[PDB]
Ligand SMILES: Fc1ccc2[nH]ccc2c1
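First, one chain by itself: the form solved without ligand 14O, in structure tokens.
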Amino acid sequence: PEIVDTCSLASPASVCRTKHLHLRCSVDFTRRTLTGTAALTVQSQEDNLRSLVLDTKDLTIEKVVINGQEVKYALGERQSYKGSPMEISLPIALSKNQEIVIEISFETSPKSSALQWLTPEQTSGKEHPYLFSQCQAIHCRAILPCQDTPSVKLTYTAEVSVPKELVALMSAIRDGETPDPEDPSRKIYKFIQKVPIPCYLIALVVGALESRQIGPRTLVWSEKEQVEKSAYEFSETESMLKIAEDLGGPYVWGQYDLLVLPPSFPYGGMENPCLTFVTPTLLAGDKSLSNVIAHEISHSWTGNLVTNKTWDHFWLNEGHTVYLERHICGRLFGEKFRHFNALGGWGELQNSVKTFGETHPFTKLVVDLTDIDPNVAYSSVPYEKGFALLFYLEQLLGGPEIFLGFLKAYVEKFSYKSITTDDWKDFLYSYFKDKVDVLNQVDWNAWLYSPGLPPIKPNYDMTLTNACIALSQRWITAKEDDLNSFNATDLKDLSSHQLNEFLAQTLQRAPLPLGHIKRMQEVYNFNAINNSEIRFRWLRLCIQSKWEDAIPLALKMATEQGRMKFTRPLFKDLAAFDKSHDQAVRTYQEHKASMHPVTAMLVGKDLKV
């Protein structure tokens, strides 16, 4: 049979497809285990199907029951990061389209790569522990046995037993709570996901969670320490959803809840269906970062509804998501702003290609992950090279309203399906058959299969960017004789996004003489800004130019939150600044117990402890 996805060891979708999962499990914080049963409804695509294979990783299997009787099963040899295949002998031979229910009793490993267990000290509230999953790309197989490939999409229902003081949430619609009948110290939370999803979008959180309703289809959830601030910061979520619906078609998932993770959370957002994960570093206080969740909102069409069939084609997901997201922001702030964000994106692609090297296989849009762990293959290239291809095509084919018609038709065509780059390109050619002569001038080989920068750069409106450049080239090429020439007015017409962009361009040419940065503080007072993006780049600029006043401010930001994007480079700068190195090592030791274990480990490695 045709093998779809080489990152999966399970029977491929051409042989059988999982249609539904019923998960009944219990979360044990003492053992750091999930225990229970996974009932998979599986549909055969062949005749005479007598066995099938599932992905697993570090699972303990107690038994497999089919039609009331335990069945034989065998775990195969482990294949590195893919885990161990689990072969199940069926009690009957299945015919094409025939279905069977397979109930696997399992327990996860405390070292499960999919499950992040936090100690009380690593939470906001400091009393209760906390659990969150992170299945993308191929970690769902370390939670339960499955066809762990986005080429298969299933619905699911779940029942999750947790200590009664805690709350469970999942990538699904909440479906009620009851006391656990087998244990009065525990509650059972139920969930239902009626839209078929790839299993990497199965997600679970258990913790001391509270909610605020902020829209007809939106609750925000967090620990009590963050929930009120979060309800304000993200109060415009519903208006963003309505904009996304206008751009991409109906939102099919029912609810759109938000979860603001604990400060120790080392990552960015995650587009879990019905429950977007939000990093708390977006809590700027002025909503200047609230539009960032337009990324996860957009995945509800591009990635979650139309999905990449394998991880080689992940750019189809991220690329179309960034394209939709930049349209949401264009609706909110204007077309000039969409071009501002697009041009910044091109800059990030330049940096990514330079970091990897322009011949590196990961700077291709379509990547071959045959012998590469997809869990460690993420970069900005699918995001920004994919966006650039779509923005180039938009300009080639008659502009944004016309290409937005293509986007809507593409979503409608492939909703609830999983597709490859060739499926996408075939549909592009079909939709734009009236313009094939134009499409045939595109260097598809270069764009899709070649490393490095794209062969053509799109046309970017420069209005909002030129402002930041103008001021950037003024500070750098200045002497002590000119520092008095700066004043607050220099920032009068610059948005928070433009402030961020100015600091980005200024940091890129660090160090600045101390007189300049001292002046820059005197007139601009960047010490006062709380926007995590702005505060980050500013503090790096101060340390990399050896200002004493900045040492305590950077140490504070580096330990108050654990997002790797900020915490790691800050400790790197503080370690590299000889004046602060000793203090940076000492502060790390004092706070490392409250960090996420992976942040604690990598900063320790950087600090050479």
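Quick note: we count residues from 1 along the sequence shown, nothing fancier.
Form solved in complex with ligand 14O: not shown, discussed below.
Residues with any non-hydrogen atom within 4.5 angstroms of ligand 14O in the deposited complex fall in just one of 251 to 259, 411 to 419, 114 to 122, 365 to 373: 365 to 373. Only one of the listed residues (130, 311, 234, 323) places a non-hydrogen atom within 4.5 angstroms of ligand 14O in the deposited complex, and that residue is 311. Between ligand 14O and the residues 377, 491, 396, 476, the one pair within 4.5 Å by heavy atoms in the deposited complex involves 377. Residue 83 falls outside the set of residues with a heavy atom inside 4.5 Å of ligand 14O in the deposited complex.
Within this chain, residue 145 is remote from the site of ligand 14O in the deposited complex, having no heavy atom within 4.5 Å. Using a 4.5 angstroms threshold between heavy atoms, residue 382 counts as touching ligand 14O in the deposited complex.
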